[PDB]
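Take a look at the structure set out below.
What follows draws every value from the coordinates through simple rules; no lab data is involved. Methodologically, a virtual Cβ is constructed for each residue, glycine included, from the backbone with ideal geometry; neighbour enumeration extends over all protein chains shown.
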Amino acid sequence: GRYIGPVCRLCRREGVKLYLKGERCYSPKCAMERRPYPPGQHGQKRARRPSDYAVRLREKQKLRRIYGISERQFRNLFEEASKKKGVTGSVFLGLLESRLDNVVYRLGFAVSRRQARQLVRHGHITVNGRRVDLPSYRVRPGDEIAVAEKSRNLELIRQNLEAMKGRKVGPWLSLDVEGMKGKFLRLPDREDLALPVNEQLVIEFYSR
Amino acid sequence: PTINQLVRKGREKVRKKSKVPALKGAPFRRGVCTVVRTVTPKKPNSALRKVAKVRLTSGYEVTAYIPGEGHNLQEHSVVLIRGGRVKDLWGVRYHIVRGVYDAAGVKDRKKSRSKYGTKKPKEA
Amino acid sequence: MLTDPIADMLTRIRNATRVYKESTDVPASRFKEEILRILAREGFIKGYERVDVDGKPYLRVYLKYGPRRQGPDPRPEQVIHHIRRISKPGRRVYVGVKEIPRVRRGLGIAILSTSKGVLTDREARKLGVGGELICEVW
Amino acid sequence: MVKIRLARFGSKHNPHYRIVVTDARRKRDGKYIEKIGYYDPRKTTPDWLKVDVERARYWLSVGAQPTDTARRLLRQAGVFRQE
Amino acid sequence: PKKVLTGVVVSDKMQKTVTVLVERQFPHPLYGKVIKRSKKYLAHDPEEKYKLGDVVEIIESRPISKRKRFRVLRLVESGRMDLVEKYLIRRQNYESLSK
RNA sequence: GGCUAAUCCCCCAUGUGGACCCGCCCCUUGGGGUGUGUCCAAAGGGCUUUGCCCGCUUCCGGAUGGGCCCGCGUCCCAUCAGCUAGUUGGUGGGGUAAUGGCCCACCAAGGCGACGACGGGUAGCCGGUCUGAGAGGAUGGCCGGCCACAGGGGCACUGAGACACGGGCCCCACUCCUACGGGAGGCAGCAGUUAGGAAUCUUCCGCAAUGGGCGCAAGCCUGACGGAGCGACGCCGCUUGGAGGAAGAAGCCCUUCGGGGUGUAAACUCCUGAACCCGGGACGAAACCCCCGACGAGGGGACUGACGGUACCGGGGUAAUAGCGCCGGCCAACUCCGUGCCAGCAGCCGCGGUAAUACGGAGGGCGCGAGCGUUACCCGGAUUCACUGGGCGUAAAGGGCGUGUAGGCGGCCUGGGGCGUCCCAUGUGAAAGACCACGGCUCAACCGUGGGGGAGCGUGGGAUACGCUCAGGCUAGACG
RNA sequence: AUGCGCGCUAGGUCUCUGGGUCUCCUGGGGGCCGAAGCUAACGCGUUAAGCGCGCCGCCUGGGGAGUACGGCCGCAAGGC
Ligand SMILES: [Mg+2]
Ligand SMILES: [Mg+2]
Ligand SMILES: [Mg+2]
Ligand SMILES: [Mg+2]
Ligand SMILES: [Mg+2]
Ligand SMILES: [Mg+2]
Ligand SMILES: [Mg+2]
Ligand SMILES: [Mg+2]
Ligand SMILES: [Mg+2]
Ligand SMILES: [Mg+2]
Ligand SMILES: [Mg+2]
Ligand SMILES: [Mg+2]
Ligand SMILES: [Mg+2]
Ligand SMILES: [Mg+2]
Ligand SMILES: [Mg+2]
Ligand SMILES: [Mg+2]
Ligand SMILES: [Mg+2]
Ligand SMILES: [Mg+2]
Ligand SMILES: [Mg+2]
Ligand SMILES: [Mg+2]
Ligand SMILES: [Mg+2]
Ligand SMILES: [Mg+2]
Ligand SMILES: [Mg+2]
Ligand SMILES: [Mg+2]
Ligand SMILES: [Mg+2]
Ligand SMILES: [Mg+2]
Ligand SMILES: [Mg+2]
Ligand SMILES: [Mg+2]
Ligand SMILES: [Mg+2]
Ligand SMILES: [Mg+2]
Ligand SMILES: [Mg+2]
Ligand SMILES: [Mg+2]
Ligand SMILES: [Mg+2]
Ligand SMILES: [Mg+2]
Ligand SMILES: [Mg+2]
Ligand SMILES: [Mg+2]
Ligand SMILES: [Mg+2]
Ligand SMILES: [Mg+2]
Ligand SMILES: [Mg+2]
Ligand SMILES: [Mg+2]
Ligand SMILES: [Mg+2]
Ligand SMILES: [Mg+2]
Ligand SMILES: [Mg+2]
Ligand SMILES: [Mg+2]
Ligand SMILES: [Mg+2]
Ligand SMILES: [Mg+2]
Ligand SMILES: [Mg+2]
Ligand SMILES: [Mg+2]
Ligand SMILES: [Mg+2]
Ligand SMILES: [Mg+2]
Ligand SMILES: [Mg+2]
Ligand SMILES: [Mg+2]
Ligand SMILES: [Mg+2]
Ligand SMILES: [Mg+2]
Ligand SMILES: [Mg+2]
Ligand SMILES: [Mg+2]
Ligand SMILES: [Mg+2]
Ligand SMILES: [Mg+2]
Ligand SMILES: [Mg+2]
Ligand SMILES: [Mg+2]
Ligand SMILES: [Mg+2]
Ligand SMILES: [Mg+2]
Ligand SMILES: [Mg+2]
Ligand SMILES: [Mg+2]
Ligand SMILES: [Mg+2]
Ligand SMILES: [Mg+2]
Ligand SMILES: [Mg+2]
Ligand SMILES: [Mg+2]
Ligand SMILES: [Mg+2]
Ligand SMILES: [Mg+2]
Ligand SMILES: [Mg+2]
Ligand SMILES: [Mg+2]
Ligand SMILES: [Mg+2]
Ligand SMILES: [Mg+2]
Ligand SMILES: [Mg+2]
Ligand SMILES: [Mg+2]
Ligand SMILES: [Mg+2]
Ligand SMILES: [Mg+2]
Ligand SMILES: [Mg+2]
Ligand SMILES: [Mg+2]
Ligand SMILES: [Mg+2]
Ligand SMILES: [Mg+2]
Ligand SMILES: [Mg+2]
Ligand SMILES: [Mg+2]
Ligand SMILES: [Mg+2]
Ligand SMILES: [Mg+2]
Ligand SMILES: [Mg+2]
Ligand SMILES: [Mg+2]
Ligand SMILES: [Mg+2]
Ligand SMILES: [Mg+2]
Ligand SMILES: [Mg+2]
Ligand SMILES: [Mg+2]
Ligand SMILES: [Mg+2]
Ligand SMILES: [Mg+2]
Ligand SMILES: [Mg+2]
Ligand SMILES: [Mg+2]
Ligand SMILES: [Mg+2]
Ligand SMILES: [Mg+2]
Ligand SMILES: [Zn+2]
């Protein structure tokens, strides 16, 4: 039961655009226009100098709220990363990016990540020929991700895919809008993602 | 100390002393009020603090704080000892748990309900 | 009677260098010589020679320093910053090959005495033997 | 006497048996002599059975006694063929 | 292998039996200094050969009595009476250290 | 008291062999061979009864499982310093499967102790587990291994095996039955009751699976087990929607009355479809058994479910739980009101006596979210018992001083040995766990298969610098 | 308010007591300033509180308390 409640408010508190809505976070309605300041009575007052703790906290919260996942899953995923051979920050970002819901967002099946979660949970999404309804499913390289045979009819899906004409997908992915499918090519590099998050600052957050 | 000296004697492990023989090891303990009264705290503060003398299921006798705004505890009531002190009182090593046995949860407290043991209010 | 002639030699070197002496006399022995040879090859000392002081054998050790420095305290850097006995009489440390420690990320050395002779850490690993861990130097 | 039987190693509704030489008086999941095989009744993988005949033959030769089910497995593995 | 130990005979005082003193060395498990412990063993000397102050070999054997699990295998060196001496003095020092 | 069968008991026989005394040989603790003398065997049943099955006896070996023995490791108190009479050893004997003061007789006078004996306190031990950068500290529930006990205590019988949880004898306590003489009992088995307690479950289903006992088999038994039930107790997955939606409704809060906040949040629009109904519906199951073959090998064939009509698949299909702690510093989150050293808070410093970001409520905010807090306990931080890794002139801490015992430590040169030390090989380090890889349940938790690692110890081989040791030598220490 | 021993690390100055070719130098003592260094600071500094090695003693927040109990010693006081 992750955060469910107003999203553009986190857009506001973190002081940066993180697109939880997809569309309209593109338009000048995001509230980041006209309210770049954090939420609440005091949000328009002068900021104090953030403690080291504060900085690292909020950085981690940025990274987390981006992917919509719970702190339990986030932390567990982090520890998983810190075990694995190779640089933690990158590896972490790579395991985050391999969440089926995420991959679905990334492929352009769903306007936002939350919507991608719902499409997954409702089984509109298949991996490697079989339906997968778990947002937390980890897509390994080579796995094909498609809109399910039946769900192809859905006006939402035909919509998004129609909007995905001519748009290019991530370089670690591939998309065929014809069969409404696409392949997860390889684990995305830090450089591959545009994320406004210093991850070595999140690493430092669990170091406490 | 020289190494030979440690071989001979060796460092000594430091024993820990229980701040709470509520004991029988337990997390909580049932008990019966003997006195219910007030006391005057230590030097820097002033107030009437509410406490109770309790006989215990451990066969122990201790002074306990009665945290909250209002309190219904009487002489013969049965009660649950929490443990943890009240710093500006004397030898009060335990708190009484509100909401269980004869100690009812604080009347009309909206904010921290779990401490003080009151259920959720009603909405219009 | 020195109670630990090796510790004594190392210490003499330490004191010597700390006042920037050009050289220092330690009472001579084979083992001390082997330790020296290792230093000299490693570059911590310029070298050493055998000499008779009061008709007694001594090893004269020629120390080595940095270039003169600037600002207040022109005194040059030490080539031997750190010289330390590890195994002492009264606690003798012996390491297997898997336990021969890397010193200062390689910038330093450890000297071991082994049944292949007195080696450095690198020497011992490459030779695949352990032994008594004599001292750290860096 | 020493026997050749199945020990249950799986999880709930997930039976996985080790084919095992053990004293009959031992409990089935307890310390055994040596594991000669494994058996996966739900056949979830390409190899759902394995044996290492030479061992099972040895044990049979010093007098181990197969459970008729372990016997069946062994036979399927070909412990018993002669020609 | 039947255990073999090496000791000095500190006691002649019994019939067909000698008390054999066996030192042992090892690194202290924490502090690391090499420390030397010791143990007295009752060993079986049927032919009454082995005298006081003998360094002998002891071997693990079928139990002869309660407390005698070892036999005297061979005489390694004869006439170490100083070892015995240290033993006797260590014993004698017990006479102090009470009241 | 009397009748009676047997694979029940016993006697003579056959001696493959075996046991015992004595002699001899080889091995060397009572191992193996051999000779004479002596001593010891058997059980019958079923069949299609001319041949086979199930069994029985003696012996040798195998396998498995145990007994006993030794080295080493195994908590606190020295305000426990001396302990010991079968005590320590010997000869002979008894006893057992077997060594043994295990037990008895006789003889000797020994044995243990500051390297902590004896005493007291506490405690099942381990694989592992928690924590920790590590060393270390702490722990030993569940699962696997070992031990011990079966109301307390003693004891033996039966047996291959027991000093025997659901076997026996005795004593003690307790409950019950009693014709007052006397008897019966033993959940630390499953489930259940009760008491104690802060607290711990169903008097369920099933023999279908794995395993166990007996039976030639058919089969019977199995509260081991495989399941289901109850408890957010733990872990993991999942949901309470998704997209659009105001230069931004109302209400509520702040207001310097200009406005600011809750906030795209809601309404609303559209879309998806947890729950739910219908349909289909398992894997776990193949042997035992039947046929051919010779009851074999091989080949073939059929019966077999608690979980369960569950999981799952297909069709239909409703916008559909959110709470809990905090917001003075440590520490992420601030304002208004009420209260006025009160009421209260409180982990520490501290806050409350009229502007309280610290009490109480409200708005708002931060953190987590089917949970969130609290108490208790363990490691942590704490380098605060310091091996890694601390100290002692004045902060705690040099003994009033010496003499010296045990012990610890030891100059230069050479040689022997190789105990420490190091290296190689090798055995051991079960499984589980931890690690790595690949895989199986849609994922994960969970699980499978594989690989690796690993201190320690056993055996064999090698090295010799250092430490030890033995032998020799020197004079710089030391003494004369 | 500074355990014992050993080796090592500038000098200056006053002094006690030996030796020397006796301004001075060379031992062994007592003091004072001060190199390097050390130290929380004060200070220490070849008479180390510096650099090292060996062995012994001792410490582990303040009080309660050098108290209580025990034991050993003592004629007692009282000591450990
Ligand atoms: Mg990593
Ligand atoms: Mg969601
Ligand atoms: Mg790529
Ligand atoms: Mg930490
Ligand atoms: Mg009491
Ligand atoms: Mg010079
Ligand atoms: Mg080793
Ligand atoms: Mg068994
Ligand atoms: Mg065969
Ligand atoms: Mg004798
Ligand atoms: Mg005997
Ligand atoms: Mg012999
Ligand atoms: Mg005595
Ligand atoms: Mg009769
Ligand atoms: Mg009769
Ligand atoms: Mg008759
Ligand atoms: Mg018979
Ligand atoms: Mg006969
Ligand atoms: Mg014959
Ligand atoms: Mg055997
Ligand atoms: Mg006392
Ligand atoms: Mg007696
Ligand atoms: Mg018997
Ligand atoms: Mg005997
Ligand atoms: Mg000893
Ligand atoms: Mg106990
Ligand atoms: Mg760990
Ligand atoms: Mg333990
Ligand atoms: Mg267990
Ligand atoms: Mg008992
Ligand atoms: Mg009884
Ligand atoms: Mg009993
Ligand atoms: Mg028993
Ligand atoms: Mg029973
Ligand atoms: Mg009760
Ligand atoms: Mg249950
Ligand atoms: Mg069954
Ligand atoms: Mg069965
Ligand atoms: Mg049978
Ligand atoms: Mg069960
Ligand atoms: Mg929406
Ligand atoms: Mg407004
Ligand atoms: Mg619809
Ligand atoms: Mg089947
Ligand atoms: Mg089936
Ligand atoms: Mg036939
Ligand atoms: Mg067949
Ligand atoms: Mg359906
Ligand atoms: Mg549908
Ligand atoms: Mg709604
Ligand atoms: Mg803050
Ligand atoms: Mg509070
Ligand atoms: Mg007011
Ligand atoms: Mg006010
Ligand atoms: Mg004020
Ligand atoms: Mg406030
Ligand atoms: Mg506060
Ligand atoms: Mg408040
Ligand atoms: Mg709120
Ligand atoms: Mg969860
Ligand atoms: Mg520590
Ligand atoms: Mg630490
Ligand atoms: Mg402490
Ligand atoms: Mg230390
Ligand atoms: Mg260590
Ligand atoms: Mg300290
Ligand atoms: Mg003194
Ligand atoms: Mg000595
Ligand atoms: Mg030496
Ligand atoms: Mg050797
Ligand atoms: Mg090995
Ligand atoms: Mg393993
Ligand atoms: Mg494994
Ligand atoms: Mg660990
Ligand atoms: Mg998988
Ligand atoms: Mg596992
Ligand atoms: Mg060897
Ligand atoms: Mg040699
Ligand atoms: Mg030599
Ligand atoms: Mg020595
Ligand atoms: Mg000599
Ligand atoms: Mg002092
Ligand atoms: Mg003093
Ligand atoms: Mg000192
Ligand atoms: Mg002077
Ligand atoms: Mg003169
Ligand atoms: Mg002087
Ligand atoms: Mg200075
Ligand atoms: Mg200074
Ligand atoms: Mg000075
Ligand atoms: Mg000096
Ligand atoms: Mg000098
Ligand atoms: Mg000194
Ligand atoms: Mg100091
Ligand atoms: Mg205190
Ligand atoms: Mg006094
Ligand atoms: Mg007296
Ligand atoms: Mg006095
Ligand atoms: Zn936005």
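First check a/c for chain C, with a ≥ b ≥ c the square roots of the eigenvalues of its C-alpha gyration tensor; if it is under 1.5, answer rounded, and if not, answer prolate when a/b is larger than b/c or oblate otherwise.
The shape class here is oblate.
Using the number of other C-beta atoms within 10 angstrom as an exposure proxy, rank B:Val35, A:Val120 with the fewest first.
In increasing order of surrounding Cβ atoms, one gets B:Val35, A:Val120.
Considering only the other residues whose Cβ falls under 11 Å of the Cβ of C:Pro57, what net charge follows from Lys and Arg at +1 and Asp and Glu at -1?
Neighbourhood net charge equals +1.
Rounded to whole Hz and in sequence order, give me ³J(HN,Hα) for region A:5-20 from the Karplus expression 6.51 cos²θ - 1.76 cosθ + 1.60, θ = phi - 60°, writing x for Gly and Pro.
Rounded to whole hertz, the list is x, x, 7, 5, 5, 7, 3, 5, 5, 6, x, 8, 5, 10, 8, 9.
For the protein assembly as shown, what does -39500 (n - 2.57) per DSSP helix run (n ≥ 4), summed and divided by total residues, give at 222 nm, in deg cm²/dmol to the nearest 500?
-7000 deg cm²/dmol, from helical runs alone.
Can you tell me the equivalent ellipsoid semi-axes for region C:22-68? Use √(5λ) from the Cα gyration tensor, largest first, whole Å.
Over the Cα atoms of region C:22-68, the semi-axes work out to 20, 13, 6 Å.
Roughly speaking, what is the centre-to-centre gap between region B:78-124 and region B:1-72 when only Cα atoms are used, to the nearest Å?
With region B:78-124 and region B:1-72 each reduced to a Cα centre, they are spaced 18 Å.
Summing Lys, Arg as +1 and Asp, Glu as -1, what charge do residues with Cβ under 12 Å from the Cβ of E:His44 carry, E:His44 excluded?
Summing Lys/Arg as +1 and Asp/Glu as -1 gives +3.
In region D:10-69, which trypsin sites (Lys or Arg not before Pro) fall in coil by DSSP and have 10 or fewer other Cβ atoms within 10 Å?
D:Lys12, D:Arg25, D:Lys27, D:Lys31, D:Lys43
Check B:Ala26: other-chain or 5+ apart residues with amide H under 5 Å from its amide H, H built from backbone geometry?
For B:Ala26, whose amide H was placed from the backbone, there are no distant partners under 5 Å.
Might you report the magnitude of the Cβ-based charge dipole of the protein assembly as shown about its Cα centre, with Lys and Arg at +1 and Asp and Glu at -1, to the nearest 20 debye?
Computed about the Cα centre, the dipole is about 3060 debye.
When ranked by the protection proxy of mean other Cβ atoms within 10 Å per residue, highest first, what sequence do the peptides C:90-103, C:116-129 form?
C:116-129, C:90-103
Modelled label-to-label distance, D:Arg26 and A:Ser136, 7 Å Cα→beta-carbon offset: nm?
Going from the D:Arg26 label point to the A:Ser136 one covers 3.8 nm.
Which FRET efficiency value, to the nearest 0.05, do you get for A:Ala163 and A:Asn198 by plugging their Cβ-Cβ distance into 1/(1 + (r/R0)^6) with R0 = 41 Å?
So, using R0 = 41 Å, E works out to roughly 0.80.
Taking the Cβ of D:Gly37 as the center, what net charge do the other residues with Cβ under 13 Å away carry, scoring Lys and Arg +1 and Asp and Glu -1?
Residues near D:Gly37 contribute +4 overall.
DSSP loop GluC sites (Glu not before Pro) in region C:2-51 with at most 11 other Cβ atoms within 10 Å of their Cβ, which ones?
Hits after loop and neighbour filter: C:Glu22.
Cα gyration tensor of chain E, axes a ≥ b ≥ c as square roots of the eigenvalues: rounded (a/c below 1.5), prolate (a/b > b/c) or oblate?
Oblate shape, in that a/c is at least 1.5 and b/c is the bigger or equal ratio.
Return a whole-number percent for the relative contact order of region A:97-193, with Cα pairs under 8 Å and 6 or more residues apart as the contact set.
29
Amide H neighbours of C:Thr114 under 5 Å, counting only residues 5+ apart in sequence or on other chains, H built in-plane at 1.01 Å?
C:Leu119
Mind checking which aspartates and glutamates have their C-alpha under 17 Å from B:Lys42, skipping anything on the same chain fewer than 8 residues away?
The reachable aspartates and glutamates, counting only those whose Cα sits under 17 Å from B:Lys42, are B:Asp88.
Can you give the longest run of chain A that contains no GluC sites (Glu not before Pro) sitting in a DSSP loop with at most 11 other Cβ atoms inside 10 Å?
No qualifying site falls inside A:34-148, the longest such stretch.
Relative contact order for chain A using alpha-carbon pairs under 8 Å, separation at least 6, rounded to a whole percent?
20
Which loop trypsin sites (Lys or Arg not before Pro) in region B:18-124, with loop taken from DSSP, have no more than 12 other Cβ atoms within 10 angstrom of their Cβ?
Here the trypsin sites (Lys or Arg not before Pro) that fit, given the DSSP loop and packing criteria, are B:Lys19, B:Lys24, B:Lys42, B:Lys87, B:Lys107, B:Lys110, B:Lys111, B:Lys119, B:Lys122.
So, in Å, what gap is there between the alpha-carbon centers of region C:60-138 and region D:3-53?
After rounding, the separation between the Cα centres reads 57 Å.
Rounded to whole Hz and in sequence order, give me ³J(HN,Hα) for region E:25-38 from the Karplus expression 6.51 cos²θ - 1.76 cosθ + 1.60, θ = phi - 60°, writing x for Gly and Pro.
With the stated coefficients, region E:25-38 comes to 10, 4, x, 4, x, 10, 6, x, 4, 6, 10, 10, 9, 7 Hz.
In whole angstrom, note down how far apart the Cα centers of region C:1-41 and region A:1-58 are.
67
Counting only other chains, what is the mean number of Cβ atoms within 10 angstrom of the Cβ of each residue in peptide B:3-13?
Across the residues of B:3-13, the mean count of other-chain Cβ atoms within 10 Å is 3.
Which percent, nearest 5, of DSSP beta bridges in the protein assembly as shown are antiparallel?
Just about 95 percent of them are antiparallel.
Under the Karplus relation 6.51 cos²θ - 1.76 cosθ + 1.60, θ = phi - 60°, what is the ordered set of whole-Hz ³J(HN,Hα) values for region C:2-13, x standing for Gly and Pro?
Coupling constants for region C:2-13: 4, 7, 9, x, 6, 4, 4, 5, 4, 5, 3, 4 Hz.
Report the charge-dipole magnitude of chain D in Debye, nearest 20, computed about the Cα centre from +1 at each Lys and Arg Cβ and -1 at each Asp and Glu Cβ.
380
Using only Cα atoms, find the angle between the long axis of helix E:81-93 and the longest principal axis of chain E, and express it within 0 to 90 degrees, rounded to the nearest 10.
Here the helix axis deviates by roughly 50 degrees.
Before anything else, pin down the relative contact order of region E:38-99: Cα pairs under 8 Å, at least 6 apart, normalised by residue count, whole percent.
Reported as a whole number, the value is 33 percent.
Place a +1 charge on the Cβ of each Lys and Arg in chain E and a -1 charge on the Cβ of each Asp and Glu, then give the dipole magnitude about the Cα centre in debye, rounded to the nearest 20.
Computed charge dipole of chain E: roughly 540 debye.
Is the C-alpha gyration tensor of chain D telling us rounded, prolate or oblate? Criteria: a/c under 1.5 is rounded; beyond that, a/b larger than b/c is prolate, otherwise oblate.
Taking the square roots of the gyration eigenvalues as a ≥ b ≥ c, chain D is oblate.
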